[PDB]
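The structure appears below as structure tokens.
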Amino acid sequence: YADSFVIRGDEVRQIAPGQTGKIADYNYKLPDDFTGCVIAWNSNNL
Amino acid sequence: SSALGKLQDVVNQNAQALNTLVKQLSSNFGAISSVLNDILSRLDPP
């Protein structure tokens, strides 16, 4: 499963297994039993 | 009517062990408390 989107530069630590935050508590969640990789790269030039 | 120590000792040993078993339900073993309703109230599931 490739989940692809764009976020604010701050809550890149909000995509992680097990956490609390306004991005993680309302718009996207990962289980604490996560197994996979998370890749993030900057974008204001696109 | 005025000696049954061998019968008294086996009663005493069993009671002394059963009390030590219950008195262990109030040790931390290196945790924040001894109550599960206190770790399930000031900590998130992770």
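Each protein sequence line maps, in turn, to chains B and A. For the first sequence, position 33 (counting from the first letter as 1) is numbered 428 according to the deposited numbering, and the numbering increases by one without interruption. Sequence positions in the second sequence follow the deposited numbering and run 939 to 940, 944 to 987. Every residue, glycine too, gets a C-beta built ideally from N, C-alpha and C.
For residue i, which of helix, strand or coil comes out of DSSP?
| i | result |
| --- | --- |
| residue 947 of chain A | helix |
| residue 980 of chain A | helix |
| residue 425 of chain B | coil |
| residue 967 of chain A | helix |
Let's test the definition: count the other Cβ atoms within 10 Å of the Cβ of residue i and tell me whether it reaches 16, buried, or not, exposed.
| i | result |
| --- | --- |
| residue 949 of chain A | exposed |
| residue 954 of chain A | exposed |
Spatial neighbours of residue i within its chain, please: CB distance less than 6 Å, with the 5 preceding and 5 following residues excluded, ordered by chain position.
| i | result |
| --- | --- |
| residue 975 of chain A | 967, 969 |
| residue 419 of chain B | 409 |
Between which residues of its own chain and residue i is the CB-CB distance below 8 Å, once the five residues before and five after are set aside?
| i | result |
| --- | --- |
| residue 980 of chain A | 972, 973, 974 |
| residue 962 of chain A | none |
Leaving aside the five residues before and after residue i along the sequence, list all residues of the same chain whose C-beta is less than 7 Å from its C-beta, in chain order.
| i | result |
| --- | --- |
| residue 402 of chain B | 418 |
Assuming residue i and residue j make a contact with CB atoms under 8 Å, what is their CB distance in whole Å?
| i | j | result |
| --- | --- | --- |
| residue 427 of chain B | residue 413 of chain B | 4 Å |
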